[PDB]
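Peer 1: Chains as they are written, first to last, in the entry's author numbering: chain AJ, 303 to 352; chain BJ, 303 to 352.
#1: So the beta strand (DSSP E) residue 244 of chain AJ belongs to, where does it begin and stop?
#2: How is the beta strand (DSSP E) around residue 315 of chain AJ delimited, first residue to last?
#3: Closest to residue 340 of chain BJ by CA distance: which of BJ:347, BJ:318, BJ:328 and BJ:327 is it?
#4: Measure the alpha-carbon distance for residue 307 of chain BJ versus residue 333 of chain BJ and round it to whole angstroms.
#5: Name the residue from AJ:324, AJ:346 and AJ:351 whose alpha carbon lies nearest to the alpha carbon of residue 316 of chain AJ.
#6: Helix or strand or just coil, what does DSSP make of residue 327 of chain AJ?
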């Protein structure tokens, strides 16, 4: 900002699957979860597996 | 003045920053204090760090 400060406006989540190789492609450059893919398992980009 | 007298009319202040090379240039022969430069620290031209 113009008072020489900084403010967060949110952060970006990522997601990791228990298995790749099984996501269904959905037109544009996007995939969708399927059976034999795994549920979402969201997280942040700092630590963990991301 | 006309009657062989002297009169003060002001005094020029100087500024001295905690760090140079953070000052962003602003067009003319002119800088602008911002983050990674510091607060102004006004002073006089007599002595001190000036």
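C-beta atoms are modelled at their ideal positions from N, C-alpha and C, and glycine is treated no differently.
Peer 2: Looking at the coordinates:
#1: Look at the range of chain AJ in this structure, 303 to 352, and you will see that residue 244 of chain AJ is not part of it.
#2: 315 to 317
#3: BJ:318
#4: 38 Å
#5: AJ:346
#6: strand
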